[PDB]
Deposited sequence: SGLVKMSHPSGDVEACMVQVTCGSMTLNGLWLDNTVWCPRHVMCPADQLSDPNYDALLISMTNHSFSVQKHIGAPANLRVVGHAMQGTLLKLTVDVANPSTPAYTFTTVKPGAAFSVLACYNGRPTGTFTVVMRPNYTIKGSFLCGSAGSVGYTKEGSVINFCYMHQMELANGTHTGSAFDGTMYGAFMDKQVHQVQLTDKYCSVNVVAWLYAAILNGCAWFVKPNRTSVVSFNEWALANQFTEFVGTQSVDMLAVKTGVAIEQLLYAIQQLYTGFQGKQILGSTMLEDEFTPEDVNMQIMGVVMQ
């Protein structure tokens, strides 16, 4: 038993490289004959407020990009093509990464969790799990040099790459791109004022976490009282919570505990006004980064 922040084992390490363009360096992801990296690797430090990426791109040649693998079997790769796709570069290299995993590209939705491999100078340093916030940021831990760090989920041994790190928006607040090149939240990859929409508690994840708590012998907050999903969602609009949408993963926790979703919706309304000195799974505030899927896996060993 127990519930902790858990990340995937980090297949992904053997794909990380360093990409250098003139005076700038960051991380890239080497999949088959493609190295993906952020397009701001092209931008001099003094132009990050107003880059003209179209012009920067035209000024580059294949020779402008230096790609190196430091980790595992080392290597220097030759760039034989370059293109810009949204906020990313797609560099073609002349060696296919022999450690390329089975993979897909996905775009995650608010409330969904993924693992991040934080890297600097093409060297992985750490891993942690985040949730895509309702305002299309993540709350991570990243310093200068981390751009090109990637975020992923798994399904079996398929890695689903969903995030490539770009920038910090505010203290402990981060964003990046999907591998189609779009930035989450349509933030702009430059140093300009943007400000995020307001963050919200992810209701379905708070429910998951309360189920985890019940399953771990912590059920003091459960009462007979119920609040409907409809009425909860009305309240949620006024109190900085997302709209609750149930799933089969949530229904499995309800079946296993015999505690209805609507009892936890009521519990949430009450706990938001205070925990009255008590704690839930070590916390005295609501936790909304454990998904129903995560709870089902950690507590039951159950995937589907």
Where the deposited sequence has no C-alpha coordinates (positions from 1, in order): 11, 306
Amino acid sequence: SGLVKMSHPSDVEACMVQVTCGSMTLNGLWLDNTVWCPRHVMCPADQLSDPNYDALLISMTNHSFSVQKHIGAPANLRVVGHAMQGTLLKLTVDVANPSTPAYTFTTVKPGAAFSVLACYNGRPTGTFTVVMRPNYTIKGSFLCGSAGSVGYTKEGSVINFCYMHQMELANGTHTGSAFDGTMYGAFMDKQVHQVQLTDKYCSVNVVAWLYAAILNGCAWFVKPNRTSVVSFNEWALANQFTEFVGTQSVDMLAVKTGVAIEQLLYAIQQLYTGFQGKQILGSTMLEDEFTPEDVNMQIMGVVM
From here on, numbers count along this sequence of modelled residues.
Stretch with the higher entry mean CA B-factor, where the candidates are 67-75 and 105-113: 67-75
Of 145-153 and 180-188, the stretch whose C-alpha atoms average the higher B-factor in the entry: 180-188
Criterion, highest CA B-factor; candidates, 119, 207, 84, 138: 84
Selection from 263, 27, 49, 249 [criterion: highest C-alpha temperature factor in the record]: 49
Third assignment of residue 200 from its chain's C-alpha B-factors: middle
B-factor third for the C-alpha atom of residue 193 within its chain: highest
Ranked against its chain, the third holding the CA B-factor of residue 242: middle
Ranked C-alpha temperature factor of residue 98 among modelled chain residues, by third: middle
For residue 21, the third of its chain into which the C-alpha B factor falls: highest
